[PDB]
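We begin with a single chain expressed as structure tokens, specifically the form deposited in one PDB entry.
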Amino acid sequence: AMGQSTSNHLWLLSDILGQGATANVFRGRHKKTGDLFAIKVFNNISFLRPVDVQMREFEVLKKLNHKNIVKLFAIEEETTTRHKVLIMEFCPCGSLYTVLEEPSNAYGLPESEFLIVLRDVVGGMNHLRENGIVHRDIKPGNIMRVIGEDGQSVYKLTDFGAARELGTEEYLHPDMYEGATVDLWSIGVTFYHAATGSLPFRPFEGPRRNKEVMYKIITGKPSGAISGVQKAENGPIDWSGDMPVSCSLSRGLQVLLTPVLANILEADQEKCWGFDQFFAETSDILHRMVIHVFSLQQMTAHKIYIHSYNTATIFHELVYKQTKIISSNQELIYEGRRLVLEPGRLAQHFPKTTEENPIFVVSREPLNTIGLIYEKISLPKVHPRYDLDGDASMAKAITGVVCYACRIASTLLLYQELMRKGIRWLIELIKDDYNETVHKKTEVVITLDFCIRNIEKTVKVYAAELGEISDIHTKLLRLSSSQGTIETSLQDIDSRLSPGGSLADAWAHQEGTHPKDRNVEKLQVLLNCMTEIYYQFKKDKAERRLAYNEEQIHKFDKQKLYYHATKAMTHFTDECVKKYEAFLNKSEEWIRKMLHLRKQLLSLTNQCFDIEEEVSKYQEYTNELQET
């Protein structure tokens, strides 16, 4: 139907991307080439119209180019309405807000994608800072997302610099609600929103006329607390200076991110950071590499953030901070074999590691098995009301919960499949310790056999001599007897290491769940059905009203949305969870038995060294008798 146009560009009014106060953004094309561009048409521009100031201004923002900033191509005039039109680059993927609309990110973005967000936002914000221009209005809605040539997302900034001739209410600064601090505030609220999937400060009712509590929350600013939420109408505020349990970020990252947000979120400029403080700490985080470590003792995976130039000493310290294991008690295993790391080895030369192929950690000291620690979240109540807005919010909520359940279920399967491998590596690695103890035994055996034979032979050939010989014979028997005890007790250990020797990993190949079960795929199928319905309810909300047929289809699918979710949650707890807990229960059992065996093997090995020094004082005794 009706559509605006320009000298070089044209677009339909049906194609809308963003609707702002001063301008609107449409999906447009170049009249000649046909390439897609973002069309910024200014609404209500008469009482201003500074074609003198805005001329050079738009010419300045034109030459301004950055990877983390939405590019401005040209400034043109609408054909009929004669409105000024800016030509931005089209971002098909939408904004960060669009990403947060996804149920998969209802409880926070994936860790890698979050690192992309942090890096790009900082880069773009820094580039704006170097030009002196201040934003203050930074929100996921105005942070665009594009797909790079390498496939990875790239985030850019677009809406700014409109404060000249004239922040979001949830992203507003306390004193500004009614200094460069006002910047970092919205940035912090954004970062928490990307990590948690929700806003830092939430009243029970929300952003309304009962948002009076919110201002009290924001002006509250207790210590270094990064979030505060009241769980009831006009109730107390639950404060926390840490990340939620449902957060998809690794523990190592949360340790670094927590102080950052805490220092940039307060009304006082006293303790608040500057852009240099902020940039320094943030870039520091971005420069660090990733160390994937799976602790078998607690059955917990870890991501340790270290610079490439750091040593293995700081590495052991950080691993201690997360796993509570002494640096001297930390033992590493990689690809079936143990790996000895020098205290001063750089992180650049570390082996290739993934979360599905990490570095296992075994300890001499007994440690409790923790397993995966997650937030148990149930489904919300589904109301029979036809409220399109309600059905949309309920759809995102309930699908987000199921998304979380499927995410946890995938993690549980990872822990089990990693556990089985780590155990298989360990039993063969300790078996190698048994293999070397056999060798050291044979050394003492060869030493024993010949040394005793000489002394048993010297009496056959060639009071005084008899007394010496007898004492030596006894001494040789004192050691050879214990050598026989160890010899057979080691066969008992080998019997344990043998298949079906009560240390076998057969239990671990039975109790838990396997990729053969396809439990994650089973959950995803129902999750896809729900996700489809969700985006449909979004499409129905935009129309504000539906036809009779669409009305009942909306109701039918809404009921199926519940049935899908319950079916998934039931399969989650009755299959994935229970079999995981059983695998974890028997995990403690095998751990006790393994550490006990390891203690036995240790002692029996050291005893060979104890008798190794004894035969060195005897083989060089009589054989080395002095005479002219």
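Whichever C-alpha set is largest while still superposing within 1.5 Å between the two forms counts as the rigid core. Start at 1 and count along the sequence shown; that's the residue number.
Below, we refer to the form deposited in another entry, which is not included among the displayed structures.
For the listed set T258, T311, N210, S240, the sole C-alpha moving 2 Å or more between this form and the one not shown on a rigid core superposition is that of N210. If you fit the rigid core between this form and the one not shown, you'll see the Cα of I611 move by less than 2 angstroms.
In a rigid-core overlay of the protein, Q19 has its C-alpha displaced by at least 2 Å between this form and the one not shown. Relative to this conformation, an increase of 3 Å or more in the Cα-Cα distance between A21 and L199 is found in the other form.
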